[PDB]
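**Q** If it helps, the file is called data19.cif and holds mmCIF, C-alpha atoms (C1' of nucleotides):
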```cif
data_protein
#
loop_
_atom_site.label_atom_id
_atom_site.label_comp_id
_atom_site.auth_asym_id
_atom_site.auth_seq_id
_atom_site.Cartn_x
_atom_site.Cartn_y
_atom_site.Cartn_z
CA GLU A 90 74.76 107.12 34.38
CA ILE A 91 76.94 104.22 33.23
CA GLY A 92 79.65 103.88 35.85
CA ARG A 93 81.91 102.25 33.29
CA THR A 94 80.69 98.84 34.46
CA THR A 95 83.15 96.82 32.42
CA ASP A 96 81.57 93.59 33.71
CA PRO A 97 80.03 91.90 30.63
CA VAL A 98 77.35 90.26 32.77
CA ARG A 99 76.06 93.69 33.75
CA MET A 100 75.93 94.76 30.12
CA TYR A 101 74.01 91.63 29.18
CA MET A 102 71.44 92.01 31.95
CA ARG A 103 71.02 95.71 31.24
CA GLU A 104 70.38 94.99 27.56
CA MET A 105 67.98 92.12 28.23
CA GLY A 106 65.99 93.98 30.87
CA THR A 107 64.29 96.30 28.38
CA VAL A 108 62.18 93.69 26.59
CA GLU A 109 59.14 92.87 28.71
CA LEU A 110 57.38 89.52 29.06
CA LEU A 111 53.97 88.79 27.59
CA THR A 112 52.14 85.51 28.04
CA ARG A 113 49.24 83.34 26.82
CA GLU A 114 48.34 85.74 24.03
CA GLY A 115 51.53 86.85 22.33
CA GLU A 116 52.88 83.33 21.94
CA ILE A 117 49.76 82.47 19.98
CA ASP A 118 50.00 85.76 18.09
CA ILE A 119 53.62 85.30 17.08
CA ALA A 120 53.15 81.61 16.27
CA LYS A 121 50.27 82.46 13.96
CA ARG A 122 52.37 85.07 12.19
CA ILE A 123 55.28 82.64 11.79
CA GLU A 124 53.02 80.00 10.28
CA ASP A 125 51.51 82.65 8.02
CA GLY A 126 54.93 83.61 6.71
CA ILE A 127 55.84 79.98 6.10
CA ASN A 128 52.55 79.35 4.31
CA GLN A 129 53.15 82.41 2.15
CA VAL A 130 56.59 81.20 1.11
"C1'" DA B 1 166.70 -13.30 17.28
"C1'" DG B 2 166.44 -8.20 13.71
"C1'" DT B 3 169.19 -3.74 11.23
"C1'" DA B 4 167.13 0.96 7.33
"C1'" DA B 5 165.27 5.79 5.47
"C1'" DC B 6 165.51 3.96 0.55
"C1'" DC B 7 161.34 5.84 -3.35
"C1'" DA B 8 156.59 4.97 -4.53
"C1'" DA B 9 152.67 4.75 -2.66
"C1'" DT B 10 148.30 5.24 -0.33
"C1'" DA B 11 144.28 7.84 -0.03
"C1'" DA B 12 143.30 10.63 4.37
"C1'" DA B 13 144.68 15.22 6.41
"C1'" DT B 14 142.41 19.52 6.03
"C1'" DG B 15 139.51 24.28 4.99
"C1'" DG B 16 138.22 26.20 1.73
"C1'" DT B 17 135.42 28.14 -3.74
"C1'" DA B 18 129.20 26.93 -4.86
"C1'" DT B 19 123.61 25.43 -7.56
"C1'" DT B 20 121.10 22.33 -5.04
"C1'" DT B 21 117.39 20.33 -1.58
"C1'" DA B 22 112.32 21.61 0.20
"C1'" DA B 23 110.69 21.62 4.49
"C1'" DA B 24 110.04 23.91 8.09
"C1'" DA B 25 109.40 28.42 10.45
"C1'" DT B 26 108.55 33.19 10.18
"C1'" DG B 27 106.91 36.65 9.05
"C1'" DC B 28 103.51 39.07 6.26
"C1'" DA B 29 98.03 41.20 4.99
"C1'" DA B 30 93.28 40.04 4.87
"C1'" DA B 31 87.94 38.65 7.09
"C1'" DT B 32 85.39 38.94 11.17
"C1'" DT B 33 83.96 39.31 14.84
"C1'" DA B 34 82.94 42.99 19.50
"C1'" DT B 35 82.23 47.94 21.49
"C1'" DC B 36 82.78 52.36 21.35
"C1'" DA B 37 81.33 56.97 20.13
"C1'" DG B 38 77.55 60.43 18.27
"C1'" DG B 39 72.80 62.40 17.29
"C1'" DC B 40 68.11 63.02 18.27
"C1'" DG B 41 64.14 63.82 21.50
"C1'" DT B 42 61.43 64.70 25.74
"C1'" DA B 43 54.54 69.00 25.51
"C1'" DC B 44 51.40 71.03 33.34
"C1'" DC B 45 54.00 74.99 34.46
"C1'" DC B 46 58.47 77.50 35.63
"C1'" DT B 47 60.96 84.34 33.11
"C1'" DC B 48 67.48 89.96 35.30
"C1'" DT B 49 69.63 86.59 39.60
"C1'" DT B 50 73.03 84.61 40.31
"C1'" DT B 51 77.31 87.11 42.20
"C1'" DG B 52 82.34 88.74 43.88
"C1'" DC B 53 81.76 89.50 49.37
"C1'" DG B 54 88.55 90.98 49.76
"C1'" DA B 55 94.77 88.43 43.72
"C1'" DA B 56 91.71 92.44 51.03
"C1'" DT B 57 93.35 98.64 56.90
"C1'" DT B 58 100.75 98.71 52.68
"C1'" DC B 59 103.04 102.65 51.42
"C1'" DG B 60 105.61 105.69 48.78
"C1'" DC B 61 105.87 107.63 44.28
"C1'" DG B 62 104.53 109.26 39.87
"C1'" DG B 63 101.54 111.12 36.44
"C1'" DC B 64 97.64 111.45 33.67
"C1'" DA B 65 94.11 113.24 34.35
"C1'" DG B 66 89.27 116.97 35.56
"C1'" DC B 67 87.99 121.74 37.36
"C1'" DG B 68 89.49 126.97 37.36
"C1'" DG B 69 91.37 131.49 36.87
#
```
Would you mind giving the structure from this file in structure tokens?

**A**
Amino acid sequence: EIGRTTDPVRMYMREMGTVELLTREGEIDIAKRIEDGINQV
DNA sequence: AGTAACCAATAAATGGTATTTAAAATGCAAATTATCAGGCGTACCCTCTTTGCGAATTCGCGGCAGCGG
């Protein structure tokens, strides 16, 4: 479908649109996993 | 109201060759103050959205393209 949109801004927004937000639970989940990795090392 | 240029003489006529004198002044490189230029950090919560709107009704020409026997 790509209409050869050479505009880099369009490519950036198209790439970033895929990943979806998640709040109040993930942040805690990922922070815990980061601290766990650091504690392991 | 007194002739000399006679021959010695006198040092003054210069402008030229230098190791000095130390005082100055003139530069020189430190110490020692001001001020400028970087780095870091900030805990309520905030989540694609802004754009260009059109190097702006050109036009004529060419040719490298996709569809098609």

**Q** Evaluate the PyMOL selection byres ((chain B) within 10 of (chain A)) here and jot the selected residues down as a PyMOL selection string.

**A** chain B and resi 47-49+51

**Q** Once 5 Å is added on each side, what centre and edge lengths in Å to one decimal does the axis-aligned box around all listed atoms of region 5-16 of chain B have, as JSON?

**A**
```
{"center_x": 151.9, "center_y": 15.1, "center_z": 0.9, "size_x": 37.3, "size_y": 32.2, "size_z": 20.9}
```

**Q** Expressed in Å to a single decimal, how great is the separation between CA of residue 127 (chain A) and CA of residue 112 (chain A)?

**A**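 Rounded to one decimal, the two atoms are 22.9 Å apart.
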
**Q** Quick check, in Å to one decimal: how far apart do CA of residue 100 (chain A) and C1' of residue 52 (chain B) lie?

**A**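 So the answer is 16.3 Å.
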
**Q** For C1' of residue 50 (chain B) and CA of residue 113 (chain A), determine how far apart the two atoms are, in Å to one decimal place.

**A**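 Distance between the two atoms: 27.4 Å.
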